[PDB]
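In: Generate a structure from the sequence data that follows.
(2 chains, ligands or ions: 2)
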Amino acid sequence: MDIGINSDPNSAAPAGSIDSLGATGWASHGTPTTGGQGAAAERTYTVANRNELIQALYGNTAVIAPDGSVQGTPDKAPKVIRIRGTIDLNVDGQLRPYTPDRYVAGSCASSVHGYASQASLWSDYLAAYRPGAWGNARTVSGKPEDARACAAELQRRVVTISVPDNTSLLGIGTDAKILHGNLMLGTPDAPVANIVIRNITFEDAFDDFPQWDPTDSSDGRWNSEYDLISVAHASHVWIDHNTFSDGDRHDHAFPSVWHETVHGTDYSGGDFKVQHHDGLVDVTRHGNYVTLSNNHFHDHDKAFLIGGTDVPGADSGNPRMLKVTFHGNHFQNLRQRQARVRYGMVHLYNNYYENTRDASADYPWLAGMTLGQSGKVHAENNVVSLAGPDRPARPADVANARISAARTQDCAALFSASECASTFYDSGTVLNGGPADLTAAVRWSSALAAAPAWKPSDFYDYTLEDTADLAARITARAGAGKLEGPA
Amino acid sequence: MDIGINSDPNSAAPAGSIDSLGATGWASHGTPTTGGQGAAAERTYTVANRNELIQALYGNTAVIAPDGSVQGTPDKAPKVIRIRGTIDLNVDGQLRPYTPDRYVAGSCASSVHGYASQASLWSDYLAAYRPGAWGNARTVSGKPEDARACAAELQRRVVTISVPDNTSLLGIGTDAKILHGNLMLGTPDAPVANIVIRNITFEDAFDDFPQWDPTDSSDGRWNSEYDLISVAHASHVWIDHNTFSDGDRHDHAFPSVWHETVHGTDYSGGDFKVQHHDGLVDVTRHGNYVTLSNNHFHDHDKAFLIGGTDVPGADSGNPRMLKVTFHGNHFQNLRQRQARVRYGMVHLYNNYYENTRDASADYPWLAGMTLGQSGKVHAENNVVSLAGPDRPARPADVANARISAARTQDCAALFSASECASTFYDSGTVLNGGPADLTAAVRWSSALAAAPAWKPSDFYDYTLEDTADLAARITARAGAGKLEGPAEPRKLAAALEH
Ligand SMILES: [Ca+2]
Ligand SMILES: [Ca+2]
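Out: Residues are numbered from 1 along each chain as shown, chains lettered A, B, ... in the order given. Ligands and ions are numbered 1, 2, ... in the order given. Okay, here it is:
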């Protein structure tokens, strides 16, 4: 070989060079994840905008309408799709970006409901639905809600991108980004399998038309519809060396818009913020065999919903689904659901959590790992740096439980006693430089938590790194822009 | 004490122990700046929220109303105020975070003008004042503007904090923060002297009620009112080892809300972004003898306005004021005004500027140092790393001039010809690894720039570091979280129990 005298000895891999091999954890269990490895030349694409991305996913069969909406045949053949630069998913069929005003003008919000701007719609929506005008007994209805729903439906059809079988999305270099939308891994009618996503910065899956639900959590909540990645109908998915965050638009910049105080509730409080985000990566329903490795997740509220309902059932509360492995990740400035686990067997090892509890911070820590209904969590050699005022961090800050005895009983009728157990194990947890017994914290949180009856080593091999210098190692190697150097 | 700038980070002072000595540059000239050094024990405080901070500044004489507004007597006696953790300034008298809807509901925006929401006010404001409706021939007026002004006035009275004479604000440890407001060094009714501010991370002085001025720059601009620190009525001020930024609300998140073309102008352009920030540290009017040393300034548009008007005058365009020294700072991801200098004798030495011209960046570089009206700029051994995908950076990207001869002649009648000159000197400037002659660029920018007739070494002693390793040195050593080690964890009463 030949090393040039002016070559850089410390350069990362060439831009555009990574492949799709290397999956670990549950994604590798039983049958391997390979994504689009081996793709024909004609299914090896470099894409730089939403239209090109869609044509790659659809094998050039897509008709992309003027609104950006898609008709075509998703391509199930192996494909390698390299992401060049920034792809804004919130653009129309001519690549012109949407704005909230455009979603109003281009949808039935204007053509049926008469709105001349998003600012007008928003003002009317707040006047109609604020707690002191609408109350909390029923969901919202009427003209401003119908108009919002028109605009939201158009946005859904634009920012949601369906990913088919045997697909690799591989960012190029240090500046591959996918903004403002939601990769959807499978649908009820068309589940998918075998997907690899690497080296991309995902940012700000912003719902421009969040709905107020007066009945949510008794007092009401704003809810949004878009994750960065939704895994509801996909199996064997490897998400590796990506970065995910709320980007330019952090939640505290969109505070409560209510100012009344009624029934003892100060509606200007932060619980009533206008939440424009949903999950980073949510694994629900028949999502299964997913590994999230070596990612940088930061600056976001509700990070990972694993299982979306306490209600046991074959479709949405199934203890045979939702097998997820998290390792080598940096969980930074996340408030909660890191991860929140119902029904699935979830392994978290060698991750680095970093945040503060301070209430004035950008995304104050609320909860770490949550053992939810019939979740089965196994945690090894995770390190947590959790700052905060008043007192030292404690294990109960980092793990808790949310379990219903009634739902466990319902579960046992549909699935077995072992399948319905809610269990938690940890070893090697470090909190602010000292040992932390997360299992004791979980037991304190709920006496319903039971003895673990699975372990991940029975399902896949792995390596546990020591915790001593793990935070530094993860900070240096995790996320997008590490596997390759700049283009 | 004295923590050398190139000392071992492991030898940093114990948390909560740094003092107020070390001022250099113009802040060291005349009666040296000491802040609250030597303060009585009864004027030594540790504060953790807006109410505590105000009581310390006011010597426990403040009455803080439910809305957060303040009455009382700022305390001129020497005081040392240590910042424990994060202080959010955008909160009411109960420490409840404000929202724009609260400001509308709790001000004359609602009680006089009848606005039931921020959404309604904003919708009316855009409808009334967009260029296609209002034009550009006059400033805004009428109901939505008066309602905005009501809400903005209440926010001003909450987020602006008066700092009196002989005050030190000293962050504890590596995580002292002050968010969402504006330290005001002196007020017109009560100017002050002798203030030291160290070891604090300042973020995001955000104005929830920016004003559209149709006449600004002829086509119009959105303008906001809050700096992180304003120095209009203070002399002898040392701002050292702090970090300043727009926090996590970068300007990029708030683009133009206009979508029309009027008189040939595409009003969706970036010129017309809804700017919620103003300066990082602005020194205007009678601000004088200020040194900013060893700070990290990052992620912000208009960084330092030194002198707010071209018009000469004893009040606001006074060439006997505005003496400012900047040294050892990291100026990272700042767009412009780094620094923009009118009227004052301003020395910038051994700073590291770091940015890109890439137009897709959050704060793409527009301008570096500006010789403004009657400014007297002296720049030595500054390093600039200025990237960009389009073309190499040039000296002309790093220094420019904004001078009017008519104003120069007006000035001489109030002051003198020498005091009214606009002058620029540089030596040792490095741009992207090679020397850059900024003075030559300034001369091409304006033929009205004149020969320098002052030098800072006449007024204080200083040693210039070489530029060779300066970028690395400054990156490693500047800002908050360097002077002190981290705070020890707070004790639990449980630890006493065996
Ligand atoms: Ca979701
Ligand atoms: Ca200012």
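
In: for the residue in the stretch 1-150 of chain A that ligand 1 sits nearest to, what are its contacts?
Out: At 15.8 Å from ligand 1, residue A:89 is the closest residue in the stretch 1-150 of chain A, using C-beta to the ion. Where C-beta positions appear, they are placed from N, C-alpha and C, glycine not excepted. Counting by C-beta atoms under 8 Å, 6 or more residues apart in numbering or on different chains, residue A:89 touches A:50, A:158, A:159, A:161, A:178, A:179, A:180, A:181, A:182.

In: Give me the distance between the fourth one and residue A:68.
Out: When C-beta to C-beta, to the nearest Å is the yardstick, residue A:161 and residue A:68 sit 10 Å from each other.

In: ok, back up a step: tabulate the contacts of residue A:89 in a markdown table, adding columns for neighbour count, secondary structure and distance to chain B.
Out: Formatted as a markdown table, these follow (neighbours: other C-beta atoms under 10 Å in any protein chain shown; DSSP: H, G, I helix; E, B strand; the rest coil; distance: C-beta to the nearest C-beta, whole Å):
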| residue | neighbour count | secondary structure | distance to chain B |
| --- | --- | --- | --- |
| A:50 | 25 | helix | 17 |
| A:158 | 23 | helix | 18 |
| A:159 | 24 | helix | 18 |
| A:161 | 18 | strand | 22 |
| A:178 | 27 | strand | 15 |
| A:179 | 20 | strand | 12 |
| A:180 | 25 | coil | 13 |
| A:181 | 26 | coil | 17 |
| A:182 | 23 | strand | 20 |
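
In: show me what contacts the nearest residue to the residue of the stretch 1-150 of chain A closest to ligand 1 once chain neighbours are set aside?
Out: Take residue A:89 and drop its neighbours on the chain: the residue closest to it by C-beta to C-beta, 6 or more residues apart in numbering or on different chains is residue A:181, 2.8 Å away. Counting by C-beta under 8 Å, 6+ apart, residue A:181 makes contact with A:89, A:90, A:158, A:159, A:160, A:161, A:205, A:226.

In: quick one: which two of these are the most distant?
Out: A:158 and A:205 (12.1 Å; C-beta to C-beta).

In: Same list (the contacts of residue A:181) but as CSV, adding distance to residue A:188.
Out: Output for those, formatted as CSV (distance: C-beta to C-beta, whole Å):
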residue, distance to residue A:188
A:89, 22
A:90, 25
A:158, 21
A:159, 19
A:160, 14
A:161, 17
A:205, 21
A:226, 18
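
In: closest to ligand 1 among the residues you listed?
Out: Using C-beta to the ion, these come closest to ligand 1 at residue A:226, 7.5 Å.

In: wait, that closest one sits on residue A:207?
Out: Yes - using C-beta atoms under 8 Å, residue A:226 is in contact with residue A:207, at 5.2 Å.

In: Does stretch A:281-297 reach chain B?
Out: No - using C-beta under 8 Å from any C-beta of the partner chain, stretch A:281-297 never reaches chain B; the gap is at least 15.6 Å.

In: And that stretch, what's buried?
Out: The neighbour-count check on stretch A:281-297 (16 or more other C-beta atoms under 10 Å in any protein chain shown) flags A:281-297 as buried.

In: same deal with stretch A:6-23?
Out: Those would be A:15, A:18, A:20, A:22, A:23, for stretch A:6-23 by 16+ other C-beta under 10 Å.

In: got it, and stretch A:147-165?
Out: Buried-residue list, stretch A:147-165, by 16+ other C-beta under 10 Å: A:147-152, A:154-156, A:158-165.

In: what do you get for stretch A:359-372?
Out: Quick answer for stretch A:359-372 (16+ other C-beta under 10 Å): A:360-372.

In: is any part of it close to chain B?
Out: Yes - if you take C-beta under 8 Å from any C-beta as the test, stretch A:359-372 does meet chain B, through A:360, A:361, A:362.

In: Return the subset of these lying in strands.
Out: In strands, judged by DSSP state E, none of the residues of stretch A:359-372 next to chain B are found.

In: which of those come close to ligand 2?
Out: Among the residues of stretch A:359-372 next to chain B, not one lies near ligand 2 by C-beta under 5 Å from the ion.

In: Return the closest of those residues with respect to residue A:445.
Out: Nearest to residue A:445 among those, with distances taken as C-beta to C-beta, is residue A:361, at 23.5 Å.

In: Which residue comes closest to that closest one once chain neighbours are left out?
Out: residue B:86 (6.8 Å).

In: ok, the closest residue to ligand 2 within chain A - contacts?
Out: Residue nearest to ligand 2 within chain A (C-beta to the ion): residue A:253, separated by 21.4 Å. Residues in contact with residue A:253, defined by C-beta under 8 Å, 6+ apart, are B:248, B:249, B:253.

In: Ok, residue A:88 next?
Out: If you count contacts by C-beta under 8 Å, 6+ apart, then residue A:88 has A:49, A:50, A:97, A:179, A:180 around it.

In: Up against ligand 1, what does chain A have?
Out: A:227, A:278, A:279, A:282.

In: change it to 6 Å
Out: Within reach of ligand 1 by C-beta under 6 Å from the ion, chain A has these residues: A:227, A:230, A:278, A:279, A:282, A:305.

In: how many neighbours does the first one have?
Out: The number of residues packed around residue A:227, counting by other C-beta atoms under 10 Å in any protein chain shown, is 27.

In: surely it meets residue A:207?
Out: No - here residue A:227 lies out of contact with residue A:207, judged by C-beta under 8 Å, at a distance of 10.2 Å.

In: which neighbours do those two share?
Out: By C-beta under 8 Å, 6+ apart, the residues touching both residue A:227 and residue A:207 are residue A:278.

In: and residue A:440, what helix or strand is that in?
Out: Secondary structure assignment for residue A:440, by DSSP states H and E: helix A:438-445.

In: tell me what that helix is packed against?
Out: If you count contacts as 3 or more C-beta pairs under 8 Å, 6 or more residues apart in numbering or on different chains; DSSP states H and E, helix A:438-445 packs onto strand A:369-371, helix A:395-398, strand A:399-401, strand A:423-427.

In: So which of these is the most surrounded?
Out: Counting by mean count of other C-beta atoms under 10 Å in any protein chain shown, strand A:369-371 has the highest mean neighbour count of those, with a mean of 28.

In: Tell me how far that strand lies from the chain's centre.
Out: Relative to its parent chain, strand A:369-371 has a centroid offset of 16 Å by C-alpha atoms, centre = their mean, to the nearest Å.

In: all strands of the stretch 51-200 of chain A, in order?
Out: A:63-64, A:70-71, A:79-83, A:86-88, A:160-163, A:167-171, A:177-179, A:182-185, A:192-198 (DSSP state E, counting those that start in this stretch).

In: and stretch A:107-116, how far apart are its ends?
Out: The straight-line separation of the ends of stretch A:107-116 (C-alpha to C-alpha, to the nearest Å) is 11 Å.

In: Mind listing what's buried along it?
Out: Here stretch A:107-116 shows A:107, A:108, A:109, A:110, A:113, A:115 as buried, counting by 16+ other C-beta under 10 Å.

In: contacting residues around the second one?
Out: By C-beta under 8 Å, 6+ apart, residue A:108 lies in contact with A:146, A:147, A:150.

In: ditto for residue A:44
Out: Here residue A:44 is in contact with A:79, A:80, A:82 (C-beta under 8 Å, 6+ apart).

In: Could you export these as CSV, including neighbour count?
Out: Shown next, in CSV, are the contacts of residue A:44 (neighbours: other C-beta atoms under 10 Å in any protein chain shown):
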residue, neighbour count
A:79, 24
A:80, 25
A:82, 23
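
In: which ones are touching residue A:323?
Out: Contacts of residue A:323 by C-beta under 8 Å, 6+ apart are A:26, A:29, A:288, A:289, A:290, A:344, A:345, A:346.

In: any chance you could map the helices in chain A?
Out: Ranges of helices in chain A, per DSSP state H, are A:50-57, A:100-105, A:108-111, A:118-129, A:131-134, A:143-159, A:395-398, A:405-414, A:417-420, A:438-445, A:470-477.

In: Where does the stretch 351-487 of chain A get nearest to ligand 1, residue-wise?
Out: Counting by C-beta to the ion, the stretch 351-487 of chain A gets nearest ligand 1 through residue A:372, at 15.0 Å.
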